[PDB]
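Chains D, C, E, F, A and B, in that order, are what the protein sequence lines are. The numbering of the first sequence is PDB author numbering, which starts it at 1 and goes up by one. The numbering of the second sequence is PDB author numbering, which starts it at 1 and goes up by one. The numbering of the third sequence is PDB author numbering, which starts it at 1 and goes up by one. The numbering of the fourth sequence is PDB author numbering, which starts it at 1 and goes up by one. Letter by letter, the fifth sequence follows residues 22 to 135, 140 to 163, 229 to 376 in PDB author numbering. Letter by letter, the sixth sequence follows residues 22 to 135, 140 to 163, 229 to 376 in PDB author numbering. We put the beta carbon where it would ideally sit given N, CA and C, even for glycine. Some notes on the structure that comes next.
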Amino acid sequence: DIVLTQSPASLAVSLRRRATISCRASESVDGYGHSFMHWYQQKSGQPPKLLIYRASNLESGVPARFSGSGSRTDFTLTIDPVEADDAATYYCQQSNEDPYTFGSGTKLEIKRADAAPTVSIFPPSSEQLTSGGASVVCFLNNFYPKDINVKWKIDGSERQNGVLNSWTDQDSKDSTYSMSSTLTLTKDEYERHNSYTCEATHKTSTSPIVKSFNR
Amino acid sequence: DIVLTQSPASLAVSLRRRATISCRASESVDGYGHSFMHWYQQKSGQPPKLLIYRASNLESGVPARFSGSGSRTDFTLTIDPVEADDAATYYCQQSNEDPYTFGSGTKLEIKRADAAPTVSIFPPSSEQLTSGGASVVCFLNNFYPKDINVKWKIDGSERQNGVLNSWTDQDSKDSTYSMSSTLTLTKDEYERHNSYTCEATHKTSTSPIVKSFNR
Amino acid sequence: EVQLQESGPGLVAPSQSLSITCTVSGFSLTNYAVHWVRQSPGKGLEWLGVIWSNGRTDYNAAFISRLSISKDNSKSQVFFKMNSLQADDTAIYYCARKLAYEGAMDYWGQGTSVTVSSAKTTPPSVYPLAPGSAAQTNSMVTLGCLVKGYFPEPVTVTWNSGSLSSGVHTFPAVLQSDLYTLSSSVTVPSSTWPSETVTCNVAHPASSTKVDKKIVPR
Amino acid sequence: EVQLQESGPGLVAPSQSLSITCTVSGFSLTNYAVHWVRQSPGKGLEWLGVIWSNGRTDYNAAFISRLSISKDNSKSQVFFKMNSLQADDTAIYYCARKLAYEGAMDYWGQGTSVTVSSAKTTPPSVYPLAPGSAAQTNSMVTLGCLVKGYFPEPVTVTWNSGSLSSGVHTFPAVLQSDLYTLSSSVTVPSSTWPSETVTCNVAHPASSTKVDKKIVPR
Amino acid sequence: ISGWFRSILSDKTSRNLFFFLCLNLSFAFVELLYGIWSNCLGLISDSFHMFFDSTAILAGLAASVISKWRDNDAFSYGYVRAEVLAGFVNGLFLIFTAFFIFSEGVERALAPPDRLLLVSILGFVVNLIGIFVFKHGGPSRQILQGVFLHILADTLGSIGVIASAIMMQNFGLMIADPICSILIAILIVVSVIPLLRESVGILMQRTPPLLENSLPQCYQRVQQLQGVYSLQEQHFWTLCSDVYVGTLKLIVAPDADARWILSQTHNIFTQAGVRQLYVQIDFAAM
Amino acid sequence: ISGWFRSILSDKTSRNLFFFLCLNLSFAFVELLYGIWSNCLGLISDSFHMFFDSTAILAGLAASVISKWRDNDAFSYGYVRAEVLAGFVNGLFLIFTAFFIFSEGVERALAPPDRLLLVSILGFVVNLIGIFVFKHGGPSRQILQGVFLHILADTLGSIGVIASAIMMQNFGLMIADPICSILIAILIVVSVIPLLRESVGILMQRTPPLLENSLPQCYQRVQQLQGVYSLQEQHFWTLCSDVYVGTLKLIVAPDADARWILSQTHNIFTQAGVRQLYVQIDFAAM
């Protein structure tokens, strides 16, 4: 089958600038003056949405800032100006040969001003304590860039064993990230220690944001 | 050119029933197994909206209650079940021969329960009095059927000269009518008479609804 | 979000020319044909012409001598030009996108009403209509906005800048003495009047006149 | 209003069969082809097949032996059947309408997530997350809903039945001990909590469980 | 073998061709028998020429039989072209006889002449029978026209030899034979020119002459179809008598109504008389 | 007139054909002059037969010249079919000579024989020159093949008459001439059979034999194209040597990608060797 390679895997573009995504085909997808290549956009938690068909035609209902070009084996999708909602994964698909195949996908993340994470600490609930566990939650909301560090302190002692990290995709409105760190422990472990703290280290400031609670 | 005749000119159908509109062509609009006839719906104050293309194909985005059938010179558009918003004018168009031509149009009005008109009387405004005229307004809102009678009494004397009647189209939600009767008079005429009344005669009740005012 | 918008004069002098610009969004004129169709009460819907993506034009036979359709792909506009405008040309003109691979039209513009007469543009006169005295207070109270002595058609009548859109009934205009009369009625809760500020907005595009008349109790 | 909806099991035992029904509205299967495409993190988007209006089917070569697509035009449904389901078949499956006269897909269904494992369905465990004591009251207060120990994916997490949709951030699930952990965080004005009633709704279709847990101050 | 005969007698053209062929073959056989019996040389030569001439009637009858055969994979258009070929062969037959007639006359001019008459009158009678049978001749048009021309050439040869024999018996002109032979050869060629023109035009894939004048109007109506940009690669040719094949390519607008354009193009060329039409539709980029 | 000559000398096939035609015409002219000078009859007959034979070389040279003419409205495919026609005429020429050779032999058997030899050796030399010039012969394939076969028939006739003359001089066999004449006629017919088969297949609009075996695989690949329902009305024929014309109609799904299907069908039949292809695409109702 025809193999489609999308380069780069991820491209960083600020607001109002131009983004360019390339799709390369192992064999020509052209027939008699028509390139049978299509561009789709997939947002987080949403099905793929058709942007371009036959490599240069704008699908009815999509913004004019999307453009397509190329022929034979080289194809380019261009976004100008780049908006906040354009943060998604863009795929190229060929229909020239059976079977239909899709590109690997290029993820577009938005460049903006750095934002300090908002840190919220939640102790394990009473119902979870009755169940026999204890999950302490650290929510780090609305921060840019993506890279961030989370550490758990049990009365000043570091924990790295039962920490699970969950990362959301970039927001479509304000272009930030959310980072949920859960620490799961047994009931006796929760009861034998008193002060639980979570610190977040981000590039915005050298002083980590620490949220603490007792019992 | 091809002449399209739509019969009936108006058809009355109650809610949840079936409505049938016919289009007749002077010459065949068919070519090689395809009928090049299209059905449009036009609501009040709105541009025509495409319902059916090529006489049997449902346009993407329109309700499944619309159906098309026919061939050669006989074509039928069927609405089942008939909803409140279906009250509009339906047109047939042929694309088999240049120039493109449209049918005369069939107006669909909805049959429901009879409603007594709501009558409101408005005397001429002070600004209009300063301008030199006097327009008294009788609004008859939310009544079924369409047929209704409006009469103006000047201290018990009938007026029929300076009365202008305006009729709205059937509502798309509650399937009623609105009837605005304006009586235009000179300032001296308005000032030489005191009691102005408007009576509405409708089939709902034998007693006309009379709204009166003084000065 | 495929949209077609027509811009043109609302009034054209007899034997003059009519020029309309249709601006399109959501699709390109490089792969879509655009039809021009006029609708008048006397003659119903009449197909005027079509312009194709390469620039080919196909006209109605009855208008071949006085009609010209052009376009520009860069700004996505279609130009409609008619010569020798008589009174029978008074109609609402729509630019429509061709349904792909079909002889139908799938997306229509709002249309522009063009009338042909020797009369001049007249700004609208806006009057309020409040119920007489406090009689029949009830729970539902009807208010009115009267637009008299404007020319030509149409005028946009709204209530509270469109926020109050329930119970708003606008009546068709009536032609007398070459001028137009129009009425609008709105039903509002009695507890909100005159407690809450309510206004009627009349916008006459031909005379560029916007009137936010605030209705007041008598 | 063209819509495609997929209905099928969220969990399929290994070496068993997967059956999905795609119901379509806004268009007819008598003039549209319907494609089936699966997306998995390991392999990305993979075209599975297409079914044409007359009933012709065109499959991927890698699935020709274990895939069958049928349809019924009267009820407007497309049936997707796969045999010999292994672990690599865990993916989100979409039915898409073919873009007319093109090799692209213009309308996609929401998709159904199908996982292949020997583990059994586990109802979710819902826990509240209120801020510790009254410290750091501020103007913006964050609340959380924790969904632990459910299987398989996914769960729908909403706040106030979807009315409170601003500031709601739901995090991807994490697989540990063959079970899933999920968190949801919402930002709400401090004057409205605990003044106004706020709840987290967790819906798990696989185990058929809807939990409207009301969060309360500690 | 046996099944061919019932097919021959079924058709009027085939039946007449078979009867005329049998008559010619019997005449040639009797001439050969009398020549070997009466140790003659002109009789044997005439019998051989009669067998050669009857070969053309064989070709015509075979074409008439084969033309009705159903189309198969190898012969997708059927075997109708056989009719055309028959005519083309008949004309060539004639050209290759007239010249030799010419030749013979010249030789008889450059040589001391030193029955062969009553046989010629009988051949003239058979040719008159053929003229009566196939009068309407001049897919079966080219077969009938070629057979009629062949019988006319035989009749002209018989008239020429009879006239020469009378003129050199009663009035003793030794120059009558060459002039008559040359004149009949020229007449044969002139008679065969139009059939050869029609057959060669068909076999060179020429535009059908009856359709050529209406083709520009058809092209103009096709170009006036909405969404059509251009026509190219038009080809119209004659498969057999009154059976025309057309192929064309249209460039259309990228959103053009191809169903309607196809039906209109087929209607336009069906009114022009094209039986079989292929219209390729290419959507332009812009 | 003058402009034709520079076109003839431009091409190798046309130049060789013109030189051979000039040689044959000069030989026939000298034979006629010697026959009228030396009051011979066999010389005149041989000269007339040589002019008739050179008519075939004329046909071949004319076909070679005309084949390069550009296509016009009447001849939309050009004049390439002339090549085929030339071959078909050449073969017919041969068939209408061999038979007469046959005939002559039989007459010489049923008659007391009562130079014509040194001339035959010179004709043999000219035929050897033609064989050397046109050895590669057996659009120009059918022209060269037909011309080569014509020269081969002339060479066979010369060999036959030479062998008969030697055999009845040295050993006195009076039966050698008829057997040799019949044998050379049979050989001429056998040699001409394949060229006639190829020309008749082309002229009957038959499926090209080199393309017939690959056509079912092409149909199968077309049917496997997405959105294709069926193929119908397929026709493939030979315009000239290695130039194949195809027409077909596809029924496709009502929403099928016609641009892609068209390009794929053209690719499939281009790999099969079809030069000119017309694909009509009809969208089905359901």
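Which value, in whole angstroms, describes the spacing of the CA atoms of residue i and residue j?
i: C/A55; j: E/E1; result: 26 Å
i: E/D178; j: C/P63; result: 43 Å
i: B/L293; j: B/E104; result: 11 Å
i: A/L301; j: A/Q366; result: 13 Å
i: E/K148; j: E/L182; result: 6 Å
i: F/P217; j: F/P131; result: 8 Å
i: A/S28; j: A/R91; result: 14 Å
i: F/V198; j: F/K210; result: 16 Å
i: A/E128; j: A/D135; result: 13 Å
i: D/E189; j: F/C200; result: 28 Å
i: F/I215; j: D/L140; result: 20 Å
i: A/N111; j: A/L239; result: 8 Å
Three-state secondary structure (DSSP) at residue i?
i: B/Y55; result: helix
i: A/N60; result: coil
i: A/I276; result: helix
i: C/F122; result: strand
i: A/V282; result: helix
i: B/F261; result: coil
i: F/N160; result: helix
i: A/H161; result: coil
i: A/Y334; result: strand
i: C/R65; result: coil
i: residue 16 of chain A; result: Absent from the model: residue 16 of chain A. The displayed extent of chain A is 22 to 376, so no value can be given.
i: C/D155; result: coil
i: D/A12; result: strand
i: B/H70; result: helix
Which chain D residues sit within Cβ distance under 9 Å of residue i?
i: B/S353; result: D30, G31, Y32, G33, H34, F36 and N96
i: B/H325; result: Neighbours of B/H325 on chain D: none; closest Cβ ~22 Å, over 9 Å.
Using a C-beta to C-beta distance shorter than 7 Å, which residues of chain D count as neighbours of residue i?
i: E/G26; result: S60 and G61
i: E/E153; result: Here the premise fails: no neighbours, minimum Cβ distance about 32 Å.
i: F/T121; result: Ordered by position in chain D, no residue passes the 7 Å Cβ test against F/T121, which lies about 19 Å from the chain.
List, in order along the chain, the chain B residues whose C-beta lies closer than 8 Å to that of residue i?
i: F/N31; result: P344, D345 and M376
i: A/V110; result: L113
Which chain F residues are close to residue i, counting only those with a beta carbon under 9 Å from its beta carbon?
i: B/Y319; result: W52, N54 and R56
i: B/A348; result: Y101
i: D/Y91; result: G44 and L45
How would you list, in chain order, the residues of chain E whose beta-carbon sits under 9 Å from the beta-carbon of residue i?
i: A/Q316; result: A33, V50, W52, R56, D58 and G103
Going by the DSSP bridge assignment, what does residue i pair with across the sheet?
i: A/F109; result: DSSP, once it has assigned bridges, lists no residue as partnering A/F109.
i: C/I209; result: C/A200
i: C/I21; result: C/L77
i: A/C308; result: Its beta-bridge partners do not exist; DSSP assigns none.
Quick one: list the residues of chain D neighbouring residue i, beta-carbon separation under 8 Å, in chain order.
i: E/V2; result: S60 and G61
Quick one: which chain A residues come within Cβ less than 8 Å of residue i?
i: B/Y55; result: None at all; the shortest Cβ gap to chain A is about 13 Å.
**Study point:** Contiguous alpha helix (DSSP H) assignments of at least 4 residues, all confined to the region 172-200 of chain E
**Key:** none
Exercise for review: Write down every uninterrupted run of the beta strand (DSSP E) in the region 75-140 of chain C whose length is 3 residues or greater and which is fully enclosed by it, in chain order.
Suggested key: You should have 89-94, 106-111 and 118-122.
Practice item. Note down, one range per segment and in chain order, each beta strand (DSSP E) of at least 3 residues found wholly within the region 37-125 of chain E. Key: 44-51, 57-59, 67-72, 77-82, 91-98, 105-108 and 112-116
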